[PDB]
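Reading through the structure tokens given below for one structure.
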Amino acid sequence: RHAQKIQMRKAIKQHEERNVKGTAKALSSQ
Amino acid sequence: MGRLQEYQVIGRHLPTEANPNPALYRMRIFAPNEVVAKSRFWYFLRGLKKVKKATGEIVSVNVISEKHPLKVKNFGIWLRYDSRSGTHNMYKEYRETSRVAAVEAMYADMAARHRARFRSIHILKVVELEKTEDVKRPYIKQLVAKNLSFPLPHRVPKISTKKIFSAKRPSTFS
Amino acid sequence: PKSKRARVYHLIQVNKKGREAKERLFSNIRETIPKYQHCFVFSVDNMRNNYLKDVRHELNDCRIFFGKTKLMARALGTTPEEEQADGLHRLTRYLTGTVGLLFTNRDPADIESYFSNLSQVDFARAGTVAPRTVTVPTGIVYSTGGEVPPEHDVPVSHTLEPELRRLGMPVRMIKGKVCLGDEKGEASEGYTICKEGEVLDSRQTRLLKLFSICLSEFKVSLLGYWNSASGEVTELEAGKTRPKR
RNA sequence: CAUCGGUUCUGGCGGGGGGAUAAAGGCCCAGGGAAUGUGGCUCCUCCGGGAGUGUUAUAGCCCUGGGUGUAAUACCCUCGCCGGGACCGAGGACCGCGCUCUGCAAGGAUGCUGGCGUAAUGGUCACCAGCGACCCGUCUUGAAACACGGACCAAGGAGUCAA
RNA sequence: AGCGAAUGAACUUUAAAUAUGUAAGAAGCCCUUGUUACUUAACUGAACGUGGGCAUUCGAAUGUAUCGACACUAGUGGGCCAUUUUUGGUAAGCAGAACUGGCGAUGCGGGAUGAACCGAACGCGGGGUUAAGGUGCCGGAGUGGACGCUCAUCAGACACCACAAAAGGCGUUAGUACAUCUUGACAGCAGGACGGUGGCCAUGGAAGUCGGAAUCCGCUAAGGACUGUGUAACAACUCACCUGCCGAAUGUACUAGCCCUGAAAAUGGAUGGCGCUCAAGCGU
RNA sequence: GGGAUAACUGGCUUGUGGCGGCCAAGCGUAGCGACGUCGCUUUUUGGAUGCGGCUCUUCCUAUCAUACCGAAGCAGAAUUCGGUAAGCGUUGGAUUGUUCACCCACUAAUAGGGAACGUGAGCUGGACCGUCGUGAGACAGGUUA
RNA sequence: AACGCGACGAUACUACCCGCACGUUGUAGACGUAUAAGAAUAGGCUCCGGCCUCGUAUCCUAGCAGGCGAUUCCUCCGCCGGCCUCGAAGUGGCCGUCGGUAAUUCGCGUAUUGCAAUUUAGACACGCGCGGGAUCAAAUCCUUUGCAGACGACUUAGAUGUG
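From first to last, the protein sequence lines stand for chains A, B and C.
Using the UniProt record's numbering, the letters of the first sequence correspond one by one to residues 54 to 75, 98 to 105.
In terms of the UniProt record's numbering, the second sequence opens at residue 1 and continues consecutively.
In terms of the UniProt record's numbering, the third sequence opens at residue 2 and continues consecutively.
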């Protein structure tokens, strides 16, 4: 439940921001 | 808590050659007696300014009482209380006949609802609400509702506690 | 305290407007008032009002406003102290309910002729009285509820099966086809959606809409108008008998 | 039982003083104000009950100042006076301090009366009852626990003598 | 505290809290001049003496159950726990110093029980009043009083150390901040939710809704080049948003109490037991 | 050879790694910081083990079976994951020093544990001295619980 | 349940029932040991008027520890019977006889227990007596049995017979 609530709050905040608005792997792979 | 009456305490730093006729501070507090009044006076001045009991004297202690304690008033109390998380502001209201009764109710309500103690509660400002419009809390506001009348359902009769046995089953109507 | 419902936060692109919308409605109405010679108040009592788009496209050179009645009434000015023009406070008396404004540079006779000759068949809408009895034929059901000839109709959809059942038609899903009773149509009596002289419910209206059956009429009543030159309001035949403010 | 002394518990009554010479309040006087708006007036699905204008009117309320007033009362501090109960009576001529002085409640209890005069009080055993209550010694340790001795009884039994 | 004093814990006029060493009289201080083998350029200094000064408060307070010296004689040479100060360390334990207190040799009241807790120290008795702890008998004393809070499928009754987290709770109460409301807020019901446009690419097919990227305009009261259901693709429904009816307060995050969860094995048992729910539970 | 320490765990234990970066409500006015996500372990073609074993009593549930439920392309049959449940039952073989894993046969299934520092009851399968040496040990040398 | 209870049979002495004389006889404790609706408590009771905080209510309550007589009263007790009633661990009603009886008033006696000393007074139980009625039994040992059995224990039989 803690994980789900954190994910939901993050989704809500990101959606509000986007609605208001109008490498290490590479080195390891080499 | 206990029996309280209003105290004004005036006190000052001891006069010196450098600073004669000092600032002569004053404040009003709630204490069971003048001993606690003086103690908390020196406590609050030690907390606020650089005046201690050793270098200060109590100019005056005066018992101030209620002007009209036979008339019903609403009081707004703005206070600070510190719990494990920190110090919090609260404004509550009490329908009483005196400021001392309002503070009695405030200490009882703090103890009952937030487990706050006497040294954990700071009484910042107690006011007599002038107009009924100034009541912000629904309980006192429903007490000041117009043409207020209510019954008293299920009143258990006051039977003497040594009257162990009774012949008639008691009634809870009047 | 606790024990409360959880309001859902919609993942949506458009939000509520509120005060900015109210203000731009006031501003648009107030800037429109001086441009036009007459302001008509019309009413659309119990209609779907989706044909107002065709009304606008016909009356392109006339400005039609359809907003909240109270906001429009105060934009025009309800009292003769805050009125934008003379008599507009007497037209805010006709602005009562499901009404709209029509600023025109045209003739009142031409406007009344247009709005008396404009008439469009539309779905029943709740509260209307039934003019006729609509019954779904027993057997295989089609996309019209037995109004067009059955030979010229297509079977209704199996995705409309559950909605029909919810709305109360005792239908079945037989071999891929929606059937009221059996495919023989000999084991069940039909389903009368609405009966003559009976106030329709939302259930019956939704059933009629799903079967694409129109029983009501879309017509705009013209309660009255106001001429700016005379600064005077005129009461029309419809506005003679309508709950006024 | 009466009158006393010592200690003590517990009720009642009469005064004095201090607050803001309590604060309040009652009755007056002078002003100002508002509503949980009293009478009046307006509308109101009229046994009825609401909304509005409307500051005392056929109710009232709040605030400020003044008089009775050195009012009363609460609280706190004080000077006394009565009543009820319990436990105790140490000493043994006088001496002393005193007083309310023909005497006394003043350096410790007397007076009056009743029953019985014998197992009646008192005591010793056995049992019941309520309450309390580890089995002794030795040894170790900071202390416990462990360990050791203890079937019972009688008699014997361990810092002596000399330089 | 200030830097409207200077300078900049390492700044200061001043100055905390906190323990801690020393001194507080005749067992005194000086000053004055006789001697000396010491010393100095020298009767010059130091030591040894003389005279003076206060014997009444003789030179802070409180106590004083006397103190000192010599000689002799017996039992002791272990430590455990805790508060505070302090040094170091661990994942957590913990280890070590200083003081003080308790216990040893100590009975008694209380904490149901008990080395380390609270009260209090002890001749034999009578009376009175208390402490710590208690007042629903067991059990002496309240089913005492005022205001609140809590219902736990083994609540809690002083454990607050741990599990324990920025934890989970559509339990309950109180509060802080922000926001929307007769310009009609929240919830609902009845309706609208449109046009360019089956927008571009891609796909056998993909029309807002298998996929990549942009994501504009008109009409507006408002409507996303679309939030879900759906079609093979449509169609259809629904959400976002908007209007009408309704009518007055709402809703978002936090904070503080009490409550549930926040992990448990194995003989039948424990707030001491009964039992207790506007308590016989929690706070004042 | 001397000093200290002399047992030890006892609301202990169980299912989810550590390290570094980013994010991070807060606390604070640099430092501590969860849930996640990225990098290493880690990827483009499918034997371990060095006190054991058997019988019986009782109990726990952390349930293998039997009973009832929730979910799964669960068509049927056979099942998988999860929940309530301890009422009732709960092996053998191969191999190995023993056990386990794997593998193989029955069976409805042939679960795991406790009896509290002595794993309920029963049965079964050394250190001190002496001498001689010491680049190191030896003694049918003595003594001892 | 071997210290829980019930029904029934037969019970010699003893004492098995009754009357009344008591006990220098026992009791976790007489002293007016007086009092039946049910049911709800955000309702109830009734006489149908009304009533309900309140059992600080109702009954009973006077006389040598309760005498004797009278005026006056039909009221309250009690014992026997008759008809009936009460079974959850069994009682009460009505009627009938007989016995006692201040609702009012009065007379004759109370003394001396000496100024208080439990106002020995009730109940159930048990014992010992009197005079009236009634009755004349079982178990164990023993022998025997094997439906039983370590031994006790248990199932049987033993008085004339279906032994």
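Every residue gets a Cβ at the ideal spot worked out from N, C-alpha and C, and that includes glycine.
Taking every protein chain shown into account, the CB of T79 (chain C) has 16 or more other CB atoms within 10 angstroms, so this residue is buried. The C-beta separation of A37 (chain B) from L4 (chain B) comes to about 10 Å, leaving the pair out of contact by the 8 Å criterion.
Counting along the chain, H13 (chain B) sits inside the beta strand (DSSP E) bounded by residues 5 to 13. The contact set of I65 (chain A) on chain C, defined by CB atoms closer than 9 Å, consists of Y10, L12 in chain order.
Sequence-distant Cβ neighbours of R57 (chain C) in its own chain, meaning closer than 8 Å and more than five residues away, are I65. The beta-carbon of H55 (chain A) is placed no less than 7 Å from the nearest beta-carbon of chain C. Shortest Cα-Cα distance from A116 (chain B) to any of B:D82, B:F75, B:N74, B:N147 involves B:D82. Straight through space, the alpha carbons of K220 (chain C) and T136 (chain C) are spaced by roughly 27 Å. C-alpha of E66 (chain B) to C-alpha of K73 (chain B): approximately 11 Å in a straight line. The three-state reading of DSSP puts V56 (chain C) in helix, counting H, G and I together.
Around the Cβ of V100 (chain C), a 10 Å sphere holds 16 or more other Cβ atoms; the residue is buried.
With a cutoff of 7 Å on beta-carbon distance, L12 (chain C) and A125 (chain C) are scored as not near each other.
Counting C-beta pairs with one atom in each stretch, the region 96 to 115 of chain C and the region 158 to 165 of chain C have fewer than three that are closer than 8 Å, which means they do not touch.
Rounded to whole angstroms, the Cβ separation of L223 (chain C) and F67 (chain C) is 14 Å, and the two are not in contact under 8 Å. Shown here, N62 (chain B) sits in a strand according to DSSP, grouped into three states. When beta bridges are read from the DSSP output, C215 (chain C) appears opposite no residue.
With distances taken between CA atoms, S203 (chain C) lies nearest to C:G169 out of C:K178, C:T235, C:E187, C:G169. Judged by their CB atoms, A76 (chain C) and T93 (chain C) are not nearer to each other than the 7 Å cut-off. 7 Å or more divides the Cβ of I58 (chain B) from the Cβ of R95 (chain B). If you compare the alpha carbons of C:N228, C:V142, C:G88, C:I30 with that of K69 (chain C), the shortest gap goes to C:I30. Rounded to the nearest whole angstrom, the CA to CA distance from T33 (chain C) to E236 (chain C) is 22 Å. Residue nearest to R119 (chain B) within the set B:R40, B:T161, B:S171 is B:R40 (criterion: CA-CA distance).
Take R28 (chain B), set aside five residues on each side of it, and the residues of its chain with a beta-carbon closer than 8 Å to its own are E6, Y7, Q8, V9, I64, in chain order. Under the three-state reduction of DSSP output, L103 (chain C) falls in the strand class. With fewer than three CB-CB distances shorter than 8 Å, the region 133 to 148 of chain B does not count as touching the region 98 to 114 of chain B.
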